[PDB]
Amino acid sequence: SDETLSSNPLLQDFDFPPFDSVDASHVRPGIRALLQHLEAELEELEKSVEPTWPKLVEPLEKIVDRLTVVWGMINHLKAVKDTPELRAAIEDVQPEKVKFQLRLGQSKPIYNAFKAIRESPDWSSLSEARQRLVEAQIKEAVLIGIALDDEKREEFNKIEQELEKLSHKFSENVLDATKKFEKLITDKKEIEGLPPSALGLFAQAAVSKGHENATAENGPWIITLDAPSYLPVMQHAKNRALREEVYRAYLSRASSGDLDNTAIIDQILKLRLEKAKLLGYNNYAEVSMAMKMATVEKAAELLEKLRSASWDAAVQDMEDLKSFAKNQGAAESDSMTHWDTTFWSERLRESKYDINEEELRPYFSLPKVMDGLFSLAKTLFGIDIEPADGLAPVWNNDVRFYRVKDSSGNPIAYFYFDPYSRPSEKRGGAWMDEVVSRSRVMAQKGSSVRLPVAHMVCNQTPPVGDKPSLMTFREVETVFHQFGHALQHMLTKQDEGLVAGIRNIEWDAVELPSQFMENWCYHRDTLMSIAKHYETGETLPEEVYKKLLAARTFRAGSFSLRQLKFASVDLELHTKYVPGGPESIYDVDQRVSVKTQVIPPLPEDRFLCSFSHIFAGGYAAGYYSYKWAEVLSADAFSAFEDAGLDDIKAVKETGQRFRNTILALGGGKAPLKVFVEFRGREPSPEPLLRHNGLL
């Protein structure tokens, strides 16, 4: 009302997206008008197409870029600022958007022009990045069904449309299920063991639900299923009945009634298999592997190698917990269950290493963590990062915005950071997303390149009262992880937009720079630069750092097996499993767990209903990508170990090489080749095993 369609924020030229002025009401008109314009642009491209950059690749990027940026900003708002109105609007336009993506991807004039470039007599003279681009476009067109005759084509497109709808539904159900659970505790006794920080959070939560007399010390408390609330309960609640209840609630999220994801999963797997068959593959995992470094065989081999290396340690971890609980006179030591594991692990960790998480929190405040992280980035990669709040519109008052500068003081990139748990409207977990890519084609008139912009999103414990966000070590690692992704997007030296940043990096290599960054949390200079008391300003005592260092490999076997269980169940569901038979996804879960867990899952276990990585994310038949890339990240880190981590000259020289290979080259060179350029040789799994004490 009262504004023209032509003034819709989604239709404007912008440097930074209008995150402060876009809502549900803009989505239907904006997306539908945009799609009409992109249709006309595609028609013009197809009519004039030649196998050259100006006549094919440049006009293609302009179309792809506009849709990616605008849809990206809408989907980002869905992820961080969900509303019923925004859900409805996205649902309403999603089929039109998907129809256009299929139309574009299945363009025969575009595909034929790319094949002509591939078939050029001087192909070998084309730059590696441009060769990678052409090869990717050809492969992607076949994977989006371009080779199918019109009847099989129609079936393929119906499958794509339904999968898109189901993945959105899956994620909405997960958000809604996490949102729904509320445990009100009145009796002070039932919350025995919960530390001041958790009490302070549960009370702050109680205030927002009406209980205005609620304090941390005395007033009522609300327990929720988002991570910053859920974890402290499982770690610290002495009331075993409370642990079992909260555990069972977490484990059954989105698994019954209106929010049930079971049938959605069943349909997703059915459609994925139908898609695989249409494309001439045996199963969906083979489809997934087409764009990955791995094959089904090689992924399974790595998982089995890591599983074999982890099993004995995981068994010993279990025995250690039993022994410790028994030595405390704990009645449940004779019958330890899944709702005892986290609790007794924490008690064991406290006793064995003499470190208490609550006492560490004052040393890990977000502002100091960011300062230390930026200092590390300067040391390794030669970049200066500074606050730039006000330059770009944001969607929430807690969102930080930063400018990244090179050594000459020239901006090279920007990023947003949305750090705190906000379960009413914001997806759980942590992630990085692209905002705009580094691109020559999308540059402003006069300048050579559009600078890249990234999102980092975490869900860490929110600030309590007036104090800064005080963090756990895991939360620190999570920030370093997402920053690693942001760096690969931001520090890319490719100006070929379609292979810049993280684009066209085989999915099983994208977790390299992220997991790589996590290693530095244990690097003494880095940890000490971060760990300053938020009030006092005093540096973490040396003796405490040594305890943190000692605890690094605690339960590494168990942590490893847990990841391998996730990766193995993913692979199994997309290879051997056939939907529609008497066997359920939970039967698959039980079978795979025999070799990847020391005790069976509960029969009531419904973790699959919240496994968004594989049902509403990029990791379907691909969760193994974490461990695949962790071999790479650990080995990359071992180059610094070899060079001398106590030698700042060596650290900077090695950091520069990492900056100029892994962070610079995007998908413009095969990831194995990029890795070899950095490492000097092909990867070894020895560093990964050594770092985790599993040799």
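Don't overthink the numbering: it's just position in the shown sequence, from 1.
- Here the stretch with the larger average CA B-factor, out of 504-512 and 350-358, is 350-358.
- Looking at 418-426 and 238-246 together, the entry lists the larger mean B-factor for 238-246, computed on C-alpha atoms.
- Looking only at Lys115, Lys78, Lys532, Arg555, the residue with the top Cα B factor in the deposited structure is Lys532.
- When the C-alpha B-factors of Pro411, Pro387, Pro463, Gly382 are read from the PDB record, the largest value belongs to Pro463.
- Compared with the other modelled residues of the chain, the Cα B-factor recorded for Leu231 ranks in the highest third.
- In the deposited entry, the Cα temperature factor of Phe611 sits in the middle third of values across the chain's modelled residues.
- Remark: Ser437 belongs to the lowest third of its chain, ranked by C-alpha B-factor as recorded.
- Split the chain's modelled residues into thirds by C-alpha temperature factor. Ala294 is in the lowest one.
- In the PDB entry, a CA B factor belonging to the lowest third of its chain's modelled residues is recorded for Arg450.
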